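This report concerns only the one structure given below.
Lettered A, B, C, D, E and F in written order, each chain numbered from 1.
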Amino acid sequence: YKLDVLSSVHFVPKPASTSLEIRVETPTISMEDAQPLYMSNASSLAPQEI
Amino acid sequence: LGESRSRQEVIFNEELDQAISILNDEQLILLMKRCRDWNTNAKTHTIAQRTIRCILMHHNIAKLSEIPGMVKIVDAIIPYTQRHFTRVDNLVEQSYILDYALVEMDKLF
Amino acid sequence: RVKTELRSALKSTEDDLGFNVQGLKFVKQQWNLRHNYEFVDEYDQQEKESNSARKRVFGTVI
Amino acid sequence: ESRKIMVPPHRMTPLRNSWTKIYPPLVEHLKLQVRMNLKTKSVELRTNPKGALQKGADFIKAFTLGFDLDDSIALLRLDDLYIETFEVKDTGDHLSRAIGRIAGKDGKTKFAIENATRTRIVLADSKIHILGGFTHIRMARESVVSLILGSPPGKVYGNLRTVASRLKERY
Amino acid sequence: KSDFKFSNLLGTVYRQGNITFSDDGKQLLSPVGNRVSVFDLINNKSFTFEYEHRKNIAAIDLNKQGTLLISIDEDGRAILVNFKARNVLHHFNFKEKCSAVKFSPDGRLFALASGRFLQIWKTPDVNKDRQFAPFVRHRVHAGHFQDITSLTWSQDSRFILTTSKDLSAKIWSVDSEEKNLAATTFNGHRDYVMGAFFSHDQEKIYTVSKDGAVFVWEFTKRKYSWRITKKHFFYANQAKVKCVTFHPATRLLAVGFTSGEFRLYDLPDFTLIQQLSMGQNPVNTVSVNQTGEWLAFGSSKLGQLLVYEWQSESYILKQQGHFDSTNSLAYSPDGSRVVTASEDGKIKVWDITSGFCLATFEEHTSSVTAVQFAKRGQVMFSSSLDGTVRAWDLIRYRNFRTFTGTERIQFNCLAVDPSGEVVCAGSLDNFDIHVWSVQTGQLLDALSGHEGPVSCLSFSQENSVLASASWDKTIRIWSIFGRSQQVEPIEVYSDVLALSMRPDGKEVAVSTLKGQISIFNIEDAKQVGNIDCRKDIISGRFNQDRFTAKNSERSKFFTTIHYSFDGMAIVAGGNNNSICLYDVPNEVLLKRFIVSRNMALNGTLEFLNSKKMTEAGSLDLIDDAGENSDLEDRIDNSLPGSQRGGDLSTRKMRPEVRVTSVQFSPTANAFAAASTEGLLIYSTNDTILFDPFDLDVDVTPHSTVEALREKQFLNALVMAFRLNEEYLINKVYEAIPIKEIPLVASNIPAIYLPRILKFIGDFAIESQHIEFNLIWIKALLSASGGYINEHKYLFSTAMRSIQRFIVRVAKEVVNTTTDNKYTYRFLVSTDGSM
Amino acid sequence: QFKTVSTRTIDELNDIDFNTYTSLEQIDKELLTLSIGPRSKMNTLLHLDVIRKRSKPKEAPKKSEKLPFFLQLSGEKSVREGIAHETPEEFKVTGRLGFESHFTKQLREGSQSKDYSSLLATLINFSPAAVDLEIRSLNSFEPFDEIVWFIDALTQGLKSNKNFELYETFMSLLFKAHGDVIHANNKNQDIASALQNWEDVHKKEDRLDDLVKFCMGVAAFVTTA
């Protein structure tokens, strides 16, 4: 972190990482920020993922 | 279903939907297993939707809930019905270019 | 004539589509209020729903 | 001008042992004079020359009804507090297990509806008394009437979660 | 056209100062840097005041009539604003750093803590005209020995209770006759007294200090002379109190510490009602609603703003902005929200009307360089310095695609297909352009041929030709699709940064480092025309540099340009504090906007005050950081040669003023500029500026309402169009009956067609007459919807504003009534028995 | 610059003299018209459970234990305008005649007078938590009067073509809260007739549907092609 900030963030990135992410299903209302409004009321998993 | 579309509350012939009304738990749960897996197409979905419709209007809803296994099926094929509803609603909203063409053809004279 | 018959067929199929959406989510919801569980506390409720959610694992790139 | 509140012979000994914390707000905060008739098993509240007699009557009537000492002091203070009484009346089948449905195992359903609706409930055999605000009494009473008239435990518990949230919410 | 005014300031919900609520606590007033934002939290909207302090503001108060605001900055330049008219009433310079300002509860006096003097002035009327000196001084009291940290008025506006850095607190009566009731001072704290409040009945006094003690003072006997009756302690060990407030009616003491933790207590018994954390940064502000139900907290380091109801344990809003670190913006394909790509590594989707962030996305592990929408607001692409382009579904909120190269480079700009099969991205260290398919994930191509870092990419929206432009002084046009693999290089005079592309794909406008904006015909690769812009650029002088703003070569060029959606204008911004817009037929400056007048930012002033230049260096390069009250800002952890890294503490210079991205609104006649202060949103409005269109002497509002009363509806509509007066157009529009909407809409002349379409858009977004507005839209589209199709770019922002009304209110209503119809049919058509 | 001046001539339609036009409430009784209020109230009503579930903090706050039970009611003496701080005004059902709420009393009085205008005015007035908390408590048990009074109140409401997105969400909130009891005693005569006349007025709402279908389809065709 401090080498990147010292280098004034011109750096060369980290090589590669095929990681592994678990996402639960939930409303995308609940995946949002705290404000009065919303943007989308879908579910985070597709029909072909359910 | 095709001959039901052909001729003419009831969606099949009435002897067929009373025959689907008088079937028990094991038969209706396997019928909804394969209505679930027919509903994943965009072609074979209408037969599945009308079989789900006649099950819903010829059986008892509390019975359908209390059958063990029919909450992992209806969770599986509610969102398919949702995307088919959005697709057919988009199709019927882009159906009004016929109406726009009619009003242009009427303003022609 | 094409407009009337085509839009009648399309509204006829989305009628039963919408019927089946509301009926199936009624069936699922009355099963839920029959025998889902008992949490009045919101934090234990949200942790219970997070433990009982549907998980799917995806191959991401970092 | 006076009031008489009859203490039943199942809430008599707690009144005597917690009496020394009952009469001080009755005789110096409220400026009444207070006697306890050991003959009629009653509490008499008279006014001295030097609208609070009804407040003292509700104080000792809450204690008489079955609400505890701090709950009765909460009724004596806290002007926006009310208390509603009703019998079940809606026998093995209906009377002997509707009250078991209000209670639950170790009274956990009663504890849950108390905490959810911000009332507190004393459940006799079939006599339900509820101490809370007006809207709070309304919601606790609607849920108690619900689970004596037959509702699923999932339905009444989801309604309890929702009523806790919407009663604490501004807007 | 060119008459833009400063509308809004998205981003940056809080910078520095105190949050205030309204009296009827519907809006909250938040000090952003030198503006003030007001967020209406019930009517979901927001505005920013147009006026501008010259330094960061430090104090806010408006009286409980809601009628006027006073804002003081961090060296005491107060500004009194009319809150309803939104115009500034007076500029008054108090001479030193004012810690707090408060109006009385009865509105008629205000007091403020300037240094170690409590001075009470009396409030000028809002109904009176502006005078040369509207404030009339009531008094100035001096009893503290060090600086006063807080004020508190009593419930009746009769006493005032002030707290100081000196370890006491004092009570002062307002008028001289009650001087004997209020002459005491309250000692006993080990540290700075952070607050001193009354109880509801003004009998108890609570005094809270920095070390963590709250003292209850009562007028008792041990005669009667204000004993201390109980000291309660917070016992937060490392952290200490940063902000205190007290709602006396609900007896609620709210206290925020320097560790993000805030506790709220029920005070005279000192029972912890709640304790929870904003974060890890200190809580700089606590403020409370008039009914005491909402608590607004502000932390100043991350720029975050909570308002939180403590009964129902829930956040009304938990927002956070970005100071100085915002690399890109993109309007949504309807102009409802703006997506912000920011240097701390995240995407933030800000609603424009309600000034808040809806979703945030943190999957980039470095500074996100570009965002761009595609598939008509369904998907959004971003490229960052960590080597990745990645795609975001804005329905399911999932990063579904990640594109890397093979060479481990960092991407600085991107461009997507219209028909979003292909994403494209260019770096500043690789000289190639990377071409990825979006359907599969693979690297489709690496286009080569630039001999300099590819500064900018854009796909033509109509014929889908790629235009890249790079620092080898060359714009280049790639025909990618369909067997061509065709390259056309156009040379230009200097090295290019910010290409932009016309909405019809005919021309491309490049910004160069000379200072010019050249405009080229794509198909016949020859220059159509250029604007020479380096002499209408405001390049200020930095504090550290030893060369004048005239001779500087820092910022006399535009690093971001953008076409208007009719193709006729270019907005442009750069590393300077002017954003300029031009009309490309005439190549002349329409208007230049000064993006900041904050002297706390660096490149604002062109001429620096020669008083501040001493015999050894300027006095603003002297770091007075060890004169600070505590260690966490006496600390210097700024590693030396860092420019544009992260974490503003790690750079040691003032934040320079710069605009990093400009974009026009796709629906309504505005533009957003990603400055360092936030997302500046400049918009016109038609309520002001009488600008007629070929009226004659017989065209008059009186004539229009006579034609309306005589019910020549088409003549009244075209008279109101020739007036171009918004109230008259609205009056005639609502007075035309439903029976003859299509006759009027068919007989509207073709020059008044974009006016009625853009009126119907900006009216129907918020108007309730949904079936009336849809009848008018249906009549206009049916009667004259061929003229629109053959004049696309005229009605390209008036038709996008109309289908911002159909899909965003009308389709939501239609969805609700559809679900009600189907739930009815189920609930009555089926079998519920047992 | 601070007020607005009248453009009315001196010598020696007050809205048109002050250059304003306060937009009239509904243009025609046969025209649908939304509420005069924020557009987001429909969405807040329809999804206020999941919005508040979003808005909860990630872990429970640290309270005390010697906290008073009636803390919400134990204020002092800026007054609270919620549904919880509501007092009754001035022989056992769910709400006696001394402990009737304002909503239930106005609903009963409108069922007497067959005019629910004051009921609907109170419904359009109060806040989403109050709306959910009033609809969720509606006596769905023995004779079903309060449900059917609410349903034909919404019928009288959306006959008037005003506030109709709010009357639509009130019907959605009814079907969501206790549409299971309506499905339970389906074929009950009073509740079936109340739903019947609600559908009789509500079936004339497809004017909005095919109007927005025309506008969407033709606007898309005209813009793209």
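Quick note on the criterion: a residue touches a chain if its C-beta (ideal position, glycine included) is under 8 Å from a C-beta of that chain, and two chains touch if they have at least 3 such contacts.
Chain identities (UniProt): E = Periodic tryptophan protein 2.
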For subunit C and subunit E (Periodic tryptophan protein 2), chains touching each: A, B, D, F
Dominant interface by contact count, named by its two chains: E-F
CA centroid of subunit B to CA centroid of subunit D, Å: 54
Centroid distance [mean C-alpha coordinates] between subunit E (Periodic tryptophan protein 2) and subunit D, Å: 53
Centre-of-Cα separation between subunit B and subunit A, whole angstrom: 37
Intercentroid distance (Cα basis), subunit F paired with subunit B, Å: 33
Subunit F residues counted as touching two or more neighbouring chains: 40, 43, 52-53, 55-56, 59-60, 68, 72, 179-180, 183, 214, 216, 218, 220
Multi-chain contact sites of subunit D, meaning residues that touch two or more partners: 155, 165, 168-171
Per-residue multi-chain contacts in subunit A, two or more chains: 14, 16, 23, 32, 34, 36-38, 43, 45-46, 50
Interchain contacts, given as pairs of chains that touch: A-B, A-C, A-E, A-F, B-C, B-E, B-F, C-D, C-E, C-F, D-E, D-F, E-F
Subunit E (Periodic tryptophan protein 2) contact footprint on subunit A (complex, rising order): 2, 4-6, 8-16, 23, 28, 31-40, 42-46
Subunit A - residues contacting subunit C, complex: 14, 16-26, 45, 49-50
Complex contact set, residues of subunit A against subunit F: 27, 29-30, 32, 34, 36-38, 41
Touch list for subunit F against partner subunit E (Periodic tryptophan protein 2), complex: 1-3, 13, 15-16, 19-21, 23-24, 26-28, 30-40, 42-43, 46, 52, 55-57, 59-64, 66-68, 71-72, 75-81, 165, 168-169, 171-172, 175, 179-180, 182-186, 192, 195, 198-199, 202-203, 205, 207-209, 211-212, 214-216, 218-220, 222-223, 225
Subunit F contact footprint on subunit D (complex, rising order): 74, 77-78, 80-82, 84, 86, 118, 120, 132-139, 141-142, 145-146, 149, 155, 159, 162-163, 165-171
